[PDB]
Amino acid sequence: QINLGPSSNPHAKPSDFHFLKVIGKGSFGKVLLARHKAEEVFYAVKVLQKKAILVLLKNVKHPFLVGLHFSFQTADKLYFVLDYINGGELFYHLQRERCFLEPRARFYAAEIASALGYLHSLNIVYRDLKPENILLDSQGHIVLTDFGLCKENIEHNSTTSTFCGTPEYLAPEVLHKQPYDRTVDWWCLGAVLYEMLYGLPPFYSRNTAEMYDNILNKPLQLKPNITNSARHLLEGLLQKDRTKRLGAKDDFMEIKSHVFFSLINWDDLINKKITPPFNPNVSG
């Protein structure tokens, strides 16, 4: 019997749902598209085996973090019932469009930044923001896929492939296996912004070992066709020494106040009053 916290529902069974298709496979459990038999609504359901576990859940509500509706368990499995986010992976749109213009990139970067700053205020670090974790909902707002699962208590294969490794943004300090602190999130934000503007992750190589070598040892080169403010922001977020990285002293306040983000009304942003730059052609 596992303590799932306030989201726990002692009455729910897998039999409650019509599982339709597999949305995706994750290190910590498969995500399925499921319909609630009775309610007639669609959810994303994450399913994790209990044998995989060596508070396991601390869910946080925020406009740009995926909503957790409830959680339940069987003799063998744990089920987490989530908002089904159907606007597509942000980097699916990026790939389709080659790159984003700065106002578009700024919007997405700001929404992610707000969620990260909020988490840090609650002494929570995101730790592993990857492209696959960044979705758009049907309206075109950012939704991050982590919902508070305590990963450092669940077993998984973190094997890396020699060529063409799963996309992720490893900060120099993560490669050094140093304790995760909040500034890893700011490196990840920088990498996401870089990729939105330039079309590839910073330091990229087909050869994963080369890419790690680049992250650690290759100076940041920022190609032309971005503004001075964007350049200065990326220079700050992609500082290799976390003690010199933008956000090291005053966290989110340093990002919030950066000139790249001057045009963002953070209050309007977090209250979803800024109509998104792009509307995905979906509604459900």
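Numbers for residues come from their place in the sequence shown, where the first is 1.
Engineer: Which class fits the unmodelled deposited stretch between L54 and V55: none, 1 to 3, 4 to 9, or 10 or more?
Structural biologist: Per the deposited record, the segment joining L54 and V55 lacks coordinates for 10 or more residues.
Engineer: I need to verify one thing: averaged over C-alpha atoms only, is the B-factor higher for 221 to 229 or for 244 to 252?
Structural biologist: The deposited B-factors put 244 to 252 ahead on the C-alpha mean.
Engineer: Which is higher on average in the deposited entry, the C-alpha temperature factors of 179 to 187 or of 154 to 162?
Structural biologist: Taking the mean C-alpha B-factor of 179 to 187 and of 154 to 162, the larger value falls to 154 to 162.
Engineer: Looking at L238, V41, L65, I215, which has the highest Cα B-factor in the entry?
Structural biologist: By C-alpha B-factor in the record, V41 ranks first.
Engineer: Between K61, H258, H69, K50, which carries the biggest CA temperature factor in the record?
Structural biologist: Comparing C-alpha B-factors across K61, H258, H69, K50, the maximum falls on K50.
Engineer: Of the three thirds of its chain by CA temperature factor, lowest, middle or highest, which one includes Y79?
Structural biologist: Its C-alpha B-factor, which the entry lists for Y79, ranks in the highest third among residues of this chain.
Engineer: Could you tell me which third, lowest, middle or highest, the C-alpha B-factor of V174 occupies within its chain?
Structural biologist: Its C-alpha B-factor, which the entry lists for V174, ranks in the middle third among residues of this chain.
Engineer: Within this chain, which third does the Cα B-factor at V125 fall in: lowest, middle or highest?
Structural biologist: As the PDB entry reports it, the C-alpha B-factor of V125 lands in the middle third of its chain.
Engineer: C-alpha B factor of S205, ranked within the chain: lowest, middle or highest third?
Structural biologist: Lowest third, going by the recorded CA B-factors of the chain.
Engineer: Determine, from the deposited record, the chain-internal third of the Cα B-factor for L149: lowest, middle or highest.
Structural biologist: According to the entry, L149 has a C-alpha B-factor in the chain's highest third.
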